[PDB]
Structures are given as C-alpha cells and as structure tokens.
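Proteins get letters first, then strands, A, B, ... in listed order; numbering begins at 1 in each. Values below: all heavy atoms of this structure, side chains included; hydrogens, waters and symmetry mates excluded.
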Protein chains: 2
Amino acid sequence: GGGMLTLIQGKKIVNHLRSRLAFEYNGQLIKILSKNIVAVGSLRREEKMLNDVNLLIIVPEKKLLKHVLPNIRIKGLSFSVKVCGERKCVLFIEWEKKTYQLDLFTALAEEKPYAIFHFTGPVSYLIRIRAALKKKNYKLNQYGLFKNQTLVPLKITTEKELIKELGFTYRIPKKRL
Amino acid sequence: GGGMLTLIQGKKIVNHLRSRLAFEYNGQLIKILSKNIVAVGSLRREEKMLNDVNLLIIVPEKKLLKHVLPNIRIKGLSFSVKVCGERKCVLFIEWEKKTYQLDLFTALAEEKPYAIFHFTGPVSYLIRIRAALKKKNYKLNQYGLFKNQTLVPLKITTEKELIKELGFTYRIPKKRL
DNA sequence: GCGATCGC
DNA sequence: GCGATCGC
Ligand SMILES: [Mn+2]
Ligand SMILES: [Mn+2]
C-alpha cells in the first residue's frame with residue numbers, strides 16, 4: 001500500500017533516483033543515465049497530489065530488455081520488488097519513514113515518443129484519442145502506430161511531432177483531458 | 001516471494017483454512033462453508049511439489065462478489081494482501097515460520113463445474129481442449145460454454161458431467177494434460 | 001483503448 | 001485459450 005504524495009515530494013524523489021538507477025547485466029553493474037529517465041504519469045501532468053511515482057526508462061537495445069527491470073538497482077534506497085517483468089516493474093520504496101509505489105517502465109529508443117505519449121496519459125485522453133483513430137482502422141499504443149496490424153513508419157522523433165502527425169491538437173501534459 | 005512446498009504441506013494448509021475463511025459484508029462477518037471451498041491448481045493435480053496454494057470459493061449470489069474477496073478474513077492466521085479484486089485475490093500467508101502464496105478465486109454456483117474444470121488445469125490441457133472447441137465456433141471459459149457469445153445451457157452439475165458433455169475423455173486431475 | 005503480467 | 005487485475 002503506497003502512500004499519497006505531493007507534487008513537490010514526487011519531484012524530489014525523481015531527482016534523487018535520477019542519478020542512482022542501475023541494473024546488473026551478467027554480474028556487471030550498468031548505470032542508467034539521467035537523459036534516459038523520463039518522469040511520466042500524474043507527475044508529468046503536474047497534478048498537485050500523486051498516488052505514486054512513475055518513470056519511463058529508455059533502453060538502447062532490445063537485447064538489454066531481459067536485464068534492465070528484472071535486475072534493477074537503486075543506490076542507497078530501501079525498496080522491495082512486487083511484480084516485475086521486462087516492460088513493467090512495480091517497486092515499493094522507503095522515503096523518509098513512508099512507503100511509496102514506484103512504477104518503472106521501459107521503452108526502446110525507436111518507441112520513445114509513443115511511450116512518452118502513452119505514459120503521460122491521462123487515461124481518459126488516451127481512450128478518446130485511440131477511439132477516434134480506431135474508427136479509421138488505426139491502432140495506437142506505446143510502441144507505434146499500426147494499421148491492419150502493420151507499423152505505420154512515421155518520420156518523427158518527439159511526442160509533439162507524433163501528436164501533430166496523428167492530427168490531434170497539441171496540449172502540454174498539464175492540459176490534456 | 002512465496003516458498004515452495006510439498007503436496008503434504010499444501011494439503012495441511014488447505015485443511016487448516018477450510019474452517020477459518022470468512023468475509024465481512026457491510027459490517028457482518030459471514031463464514032464461508034467448507035463445502036464451498038475447493039482446492040484447485042497443482043494441489044488438485046497431486047503434484048509432488050507446489051509453488052503455492054490455490055482455493056476456489058463458491059459464492060451463492062452475484063451480489064456477494066463485491067464483498068467476498070475484497071473483505072476476506074482468515075481466523076488466527078497472519079497474512080497480507082498483494083493484489084485483489086472480486087474474482088482473484090493473492091495473499092501471502094505465514095505458516096510455521098515460512099511465507100507462502102495463497103491464491104483465492106471465486107465462482108458463482110451456476111459457474112461451479114466450469115470453474116473447477118478451468119482452475120484444475122493444467123494450462124497445456126486447457127489450451128488444447130479450448131483450441132478444439134474454438135474450431136467448432138464454441139468458446140469455453142471458467143464461467144460457461146458459449147456459442148456466438150451466448151451461454152450454451154448444459155444440464156450438468158459436476159466437472160465430470162461437463163467433460164462428458166463437451167465430448168472429451170474424462171481423466172482424473174492427476175492424469176490430465 | 002490497448003498492453004503487461006499474472007491466473008489456471 | 002481465455003480472463004483478471006492493473007499500468008497509462
Ligand atoms: Mn503508477
Ligand atoms: Mn497460484
């Protein structure tokens with residue numbers, strides 16, 4: 001049971017974790033770089049109160065997926081692993097005498113803008129936008145845009161470019177509903 | 001996680017739990033009856049070693065589903081709730097200095113033989129038999145037999161009757177795959 | 001709406 | 001094979 005947090009506390013936790021994440025790769029500790037850690041979920045949406053903390057980790061190679069989350073390490077911080085696979089890992093962390101939920105997710109570099117778009121939410125916004133695309137025989141997820149189960153090769157790198165390419169109005173995370 | 005245990009230890013735990021399960025229903029403690037508790041999973045299949053304990057609880061009315069697992073009580077036993085809803089609840093219990101996983105599932109009375117058939121497994125057996133039924137435009141699950149998304153009203157009460165009615169060879173749980 | 005990880 | 005719970 002993870003406790004509720006203020007936005008401020010959430011950001012403090014992210015900043016702390018940003019330089020302390022690593023994973024064991026066949027007996028070798030590999031540091032995750034700050035530039036490959038993206039705060040997502042309600043924190044990215046700037047919500048005053050948070051039910052947990054959510055981080056998206058950008059993994060440079062498909063081969064590393066079997067190693068990153070299943071061998072996650074956080075320097076100095078007390079935590080326990082509840083459910084964990086290659087794409088989603090739920091941790092319960094200790095922060096200043098209180099327990100909080102920390103969700104970790106992984107995206108490959110080529111999935112990044114789709115992952116950020118997905119994990120930013122909110123859920124109601126995703127459902128709406130995915131419903132509209134579904135009516136045109138598209139399927140959008142955290143990995144790509146598909147039509148008839150085939151990847152649509154969009155020439156984009158950022159979340160804003162993706163949203164514009166999908167034909168939707170760009171709004172900052174704070175203002176997506 | 002939960003420790004492994006022998007078939008003997010599993011059966012001892014089931015026998016203990018059999019008279020100690022209850023749930024709170026709007027402030028009132030309602031005992032679950034032994035006759036409405038069925039050991040399922042690898043234990044029912046008589047496997048020498050078990051990764052956890054699995055119980056199916058038969059609930060007499062649809063209205064009670066929102067109350068049974070979300071308010072489960074076990075007299076005298078130390079436990080913690082991991083994930084939990086109306087149909088599946090995972091507990092970690094303390095048994096003689098060791099922690100074990102206890103999975104609880106619910107079936108309505110009219111679902112019973114379908115639930116027992118499903119939760120008995122093994123997984124490979126279910127996939128095979130469901131693949132064969134799917135080719136004839138049926139869908140089998142823990143709730144019933146369906147054709148064209150409509151319940152096939154089979155006149156059965158037991159698991160053995162169901163298997164016979166589906167046209168498959170009845171084998172004891174020990175000998176299914 | 002869609003997918004991850006889990007249940008058998 | 002099919003579904004539950006939980007991620008956004
Ligand atoms: Mn989360
Ligand atoms: Mn189990």
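Here C:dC6 counts as north. Its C1'-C2'-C3'-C4' torsion is positive.
Listed by first and then second residue, the salt bridge (charged side-chain N to carboxylate O under 4.0 Å, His left out) pairs that reach into residues 34-50 of chain A are A:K11-A:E46, A:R44-A:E159, A:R45-A:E47, sequence neighbours excluded. Within the structure, ring pair (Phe, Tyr, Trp, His ring centres under 6.0 Å) contacts touching residues 35-76 of chain A (residues at least two apart or in different chains) are A:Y25-A:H67. Among pairs with a residue in residues 127-139 of chain A, those fulfilling side-chain hydrogen bond (donor to acceptor under 3.5 Å, both in side chains) read A:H118-A:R130, at least two apart in sequence or across chains. The salt bridge (charged side-chain N to carboxylate O under 4.0 Å, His left out) contacts involving residues 71-80 of chain B comprise B:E24-B:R73, where partners must be two or more places apart or lie in separate chains.
Distance CG (B:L145) to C1' (D:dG1): 13 Å, rounded to an integer number of Å. Distance A:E111 CD to C:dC2 P: 17 Å, rounded to the nearest Å. Between B:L91 atom CG and D:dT5 atom P there is a gap of 13 Å when expressed in whole angstrom units. Atom CZ of B:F117 is separated from atom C1' of D:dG1 by 12 Å (rounded to the nearest Å). Computed from coordinates, the A:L55 CG to D:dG7 P distance equals 15 Å when rounded to whole Å. Rounding to whole angstrom units, CD of residue A:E86 and P of C:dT5 are separated by 7 Å. Atom CG of A:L69 and atom P of D:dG7 are 14 Å apart (whole Å). Regarding A:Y114, its OH atom lies at a distance of 16 Å from the P atom of C:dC2, rounded to whole Å.
Here A:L108 pairs with A:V59, A:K62, A:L65, A:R87, A:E110, A:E111 under the side-chain contact (heavy atoms from CB on, under 4.5 Å) rule; sequence neighbours left out. Remark: B:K160 engages B:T158, B:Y170 in a side-chain contact (heavy atoms from CB on, under 4.5 Å) (not counting sequence neighbours). Annotation: side-chain contact (heavy atoms from CB on, under 4.5 Å) contacts of B:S124 (sequence neighbours excluded): B:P122, B:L177.
Near-neighbour residues of DNA chain D inside residues 151-177 of chain B, defined by a heavy atom below 4.0 Å, are absent. Across residues 120-143 of chain A, A:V123, A:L126, A:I127, A:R130, A:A131, A:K134, A:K139, A:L140, A:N141, A:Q142, A:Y143 each have a non-hydrogen atom less than 4.0 Å from an atom of DNA chain C (numbered order). Only A:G41, A:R45, A:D52, A:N54, listed by number, bring a heavy atom of residues 39-54 of chain A to less than 4.0 angstrom from any atom of DNA chain D. Residues from residues 59-67 of chain A placing a heavy atom under 4.0 Å of any atom in DNA chain D do not occur.
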Next on the checklist: Checking A:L5 against A:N51 for the side chain to side chain contact (heavy atoms under 4.5 Å, CB included) test, could you report, in this order, the C-alpha distance in whole Å, the side-chain angles of both residues, the deciding distance, and whether it holds?
Outcome noted: CA-CA 6 Å; A:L5 311 91; A:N51 44 46; over 6 Å; no
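Applying side-chain contact (heavy atoms from CB on, under 4.5 Å) to A:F23 and the options A:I32, A:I57, A:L69 leaves one that passes, A:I32.
A donor and an acceptor atom, one from each side chain of B:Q9 and B:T6, are located under 3.5 Å apart. Between the side chains of B:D103 and B:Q101, a donor-acceptor pair is found at a separation under 3.5 Å. Side-chain contact check for B:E94 and B:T99: at least one donor-acceptor pair (N or O, by modelled atom type) lies under 3.5 Å.
The CG atom of B:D52 sits 6.0 Å away from the OG atom of B:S42 when rounded to the nearest 0.5 Å.
Grouped with A:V40 in one hydrophobic cluster are A:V38, A:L56, A:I58, A:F105, A:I116, A:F119, the linkage being side-chain heavy-atom contacts under 4.5 Å among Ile, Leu, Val, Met, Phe, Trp and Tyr residues.
For A:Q101, no side-chain nitrogen or oxygen approaches OP1 or OP2 of D:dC6 to under 4.0 Å.
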